[PDB]
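For reference, the chains in residue letters:
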Amino acid sequence: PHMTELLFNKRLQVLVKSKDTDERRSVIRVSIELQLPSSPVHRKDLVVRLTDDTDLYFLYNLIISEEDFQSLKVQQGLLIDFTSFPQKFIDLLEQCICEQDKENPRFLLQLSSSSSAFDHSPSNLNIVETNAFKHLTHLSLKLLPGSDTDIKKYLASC
């Protein structure tokens, strides 16, 4: 059946932006869980969910299976394996938290769609290190906007 372990649940400052809007700084709830996988031969899936305490219409989520992580690892050149990924992801988020209330945060969290804010499309969750020369992306995740089923299901657990 569907069981989950909660690894991380915090509200973070997030720079939300689309290909047409301006960078809005919002307080977003970032939830990270491990769930039993579809297949007994796989490790637990990582579940990332973003919500807004002031907007029940706002929902983004992503399920990262062991296999999904392999593609991620290759595409971004990650040097760890799936087993340590959740903690490293969390460690990065904690650095964003440590820096969020500073004049010029060295680390910040972005939610950026390459499309219009008017579009029901994927948004990239980016953990970015700020630099005078050029910003460095430590991790990029492709989050999907919640479907009608996902939102109903989520709200039904609230």
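- As documented in the archive entry, the model was determined using X-ray crystallography at 1.92 Å resolution.

## Section: the overall build of the chain
- Scanning the chain from terminus to terminus reveals three helices and seven strands.
- Starting at the N terminus and ending at the C terminus, the chain contains elements arranged as β-β-β-β-α-α-β-β-β-α.
- The C-alpha radius of gyration of the chain comes to 16 Å, within 12% of the 15 Å expected for a compact globule of 158 residues.
- By its C-alpha atoms, the chain is 45 × 35 × 25 Å across when sized along the principal axes.
- Split into buried and exposed, the 158 residues of the chain put 41% on the buried side.

## Things to note about the packing of aromatic side chains
- Under the criterion given, the structure shown has four aromatic pairs.
- Aromatic pair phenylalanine 58 and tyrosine 60: ring centres 5.2 Å apart, planes at 55°, arrangement tilted. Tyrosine 60 matches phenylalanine 58 in its accessibility class, with the two residues each being buried.
- An aromatic cluster of at least three residues, connected via ring pairs, comprises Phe69, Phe82, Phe85 and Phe89.

## Things to note about the nonpolar core
- Membership of the largest hydrophobic core comes to 33 residues, with the highest contact counts inside it found for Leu50, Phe89 and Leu141.
- Here this core takes six residues from helix α2 (residues 85–99), the largest share from any one element.

## Some words on the UniProt feature "domain: PISA" in the chain
- The sites that carry the UniProt feature "domain: PISA" are, in the present numbering, residues 41–93.
- Each end of residues 41–93 is marked by a C-alpha atom, and these two atoms are 30 Å apart; helix forms 38% of the span and strand 34%.

## Quick word on empty space enclosed by the protein
- Scanning all chains against the criterion turns up one cavity of 30 Å³ or more.
- Taken as a whole, the largest cavity holds about 50 Å³ of empty space.
- In this structure, the largest cavity is lined by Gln13, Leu15, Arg25, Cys96, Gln100, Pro105, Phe107, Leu108 and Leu109.
- When contributions to the lining of the largest cavity are tallied by element, the ones reaching two or more residues are β1 (4–17) and β5 (107–112).

## Quick notes on the pairing of strand β3 (residues 45–52)
- Taken across its eight residues, β3 has eight buried, putting it largely inside the fold.
- Here β3 shows no split at all, with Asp45, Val47, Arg49 and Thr51 on one side and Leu46, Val48, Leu50 and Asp52 on the other all buried.
- Inspection of the sheet shows strand β2 (residues 24–35) paired to β3 by seven bridges, in the antiparallel sense. When the bridges of β3 are listed, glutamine 35 appears paired with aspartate 45.

Rules used throughout
- Residues numbered from 1 in each chain as written, not as in the entry; some residues may be left out.
- Heavy atoms only, no water.
- Helix = DSSP H or I, 4+ residues; strand = E, 2+ residues; numbered from the N terminus.
- Rg over C-alpha atoms; globule rule 2.2 N^0.38 Å.
- Buried < 20%, exposed > 50% of the residue type's maximum accessible area, 1.4 Å probe, protein only.
- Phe/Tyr/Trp six-rings, centres within 6.5 Å; stacked < 30°, edge-to-face > 60°.
- Core = buried A, V, L, I, M, F, W, Y, C linked by side-chain atoms within 4.5 Å.
- UniProt positions renumbered as here; feature names shortened; annotations may be inferred.
- 1 Å grid on protein atoms, 1.4 Å probe; cavity = no way out; pocket = protein on both sides within 12 Å on 5 of 7 lines; lining within 4 Å.
- Points joined across faces, edges and corners; volume = space filled by probe spheres on them.
- Pairing = 2+ DSSP bridges.

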